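[1] pasting the sequence and an experimental structure:
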Amino acid sequence: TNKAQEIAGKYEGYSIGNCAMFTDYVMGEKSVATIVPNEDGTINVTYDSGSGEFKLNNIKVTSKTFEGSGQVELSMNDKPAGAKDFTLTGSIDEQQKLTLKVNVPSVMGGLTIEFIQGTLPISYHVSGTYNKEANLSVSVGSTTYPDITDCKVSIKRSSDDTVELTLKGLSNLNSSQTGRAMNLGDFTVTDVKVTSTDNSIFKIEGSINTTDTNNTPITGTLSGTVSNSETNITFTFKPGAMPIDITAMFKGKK
């Protein structure tokens, strides 16, 4: 059994992209890499990333590792993206998992794409910037303040099933006829848990225990959902030593 056969196979997973302009972007959720031995002991590799198919032929294998270069027609969108040069490196680890990385240096400051074997982490289904059709409605006791439309929530992956969530816009709170506004800043809630019973509606939940951008302590909880680019989140928190909670309901689209 030669070295090419030792790494032969269909490997399934997902593909993540990084360039000068964005990081951790999903290039494909159901990517496939296929390594097939030739009679002479070389391999052909086909990597369907989901935003481009990368092919190499007649490549040599060393210590479960390979590399090569070629041309790819990228399809991050449908449009006729002309051929670009790429280099590809790949290796199979001791547990038979494939790691694969491609560099397309001539586009967007340097585009790299990584193949990661297995299922897409759930946190990718909630991460993003929800600043479209956005609204933030704040209430305390019997007061409901005017709608804030200058606001957003940003969600960043922290692990497979946790995220970091920043609410911006509370600084724009204006007084109501029934009460004065509070001075409130932006804040970030780490360790927010991501779950789903159907892989279509995603629940985000966590306790809040931090300080805002004016250093006011913020304590409480948040609860929301993401589905098809829309989020709805209720934050219930106490600023400082305030003996009543405030509620902020956010909605927006990414």
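    Now that the structure is in, tell me what you want to look at. Numbers count the residues shown, from 1 in each chain.
[2] how about the nearest residue to residue 199, chain neighbours excluded?
    Among residues not flanking residue 199 along the chain, residue 125 sits closest, at 7.7 Å (CB to CB, 6 or more residues apart in numbering). The C-beta positions use only the backbone N, C-alpha and C, and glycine is treated the same way.
[3] max-length strand in this structure?
    Scanning the chain for the longest strand, with DSSP state E as the assignment, gives strand 25-37.
[4] which stretches of the protein form helices?
    All helices of the chain, identified by DSSP state H, fall at 3-7.
[5] just to revisit the earlier point, would you mark the buried spots in the longest strand of the chain?
    Within strand 25-37, the residues that count as buried by 16 or more other CB atoms under 10 Å are 25, 26, 27, 28, 31, 32, 33, 34, 35, 37.
[6] now stretch 79-94
    84, 86, 88, 90, 91, 92.
[7] distance to residue 7 added to these, as TSV?
    Below are those laid out as TSV (distance: CB to CB, whole Å):
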residue	distance to residue 7
84	26
86	20
88	14
90	8
91	9
92	5
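[8] and the residues you listed, which of them are in strands?
    When DSSP E defines the strands, the subset of the buried residues of stretch 79-94 inside them is 84, 86, 88, 90, 91, 92.
[9] closest to residue 136 out of those residues?
    Ranked by distance to residue 136 (CB to CB), these are led by residue 84 at 42.4 Å.
[10] how close does that closest one get to residue 57?
    Using CB to CB, to the nearest Å, one gets 18 Å for the distance from residue 84 to residue 57.
[11] identify the residues contacting residue 169.
    134, 136, 148, 150, 151, 152, 186, 250 (CB atoms under 8 Å, 6 or more residues apart in numbering).
[12] sorry, back to before: and the longest strand of the chain with strand 84-92, angle?
    The directions of strand 25-37 and strand 84-92 differ by 70 degrees, with axes from the mean of the first three to the mean of the last three CA atoms, to 10 degrees as the criterion.
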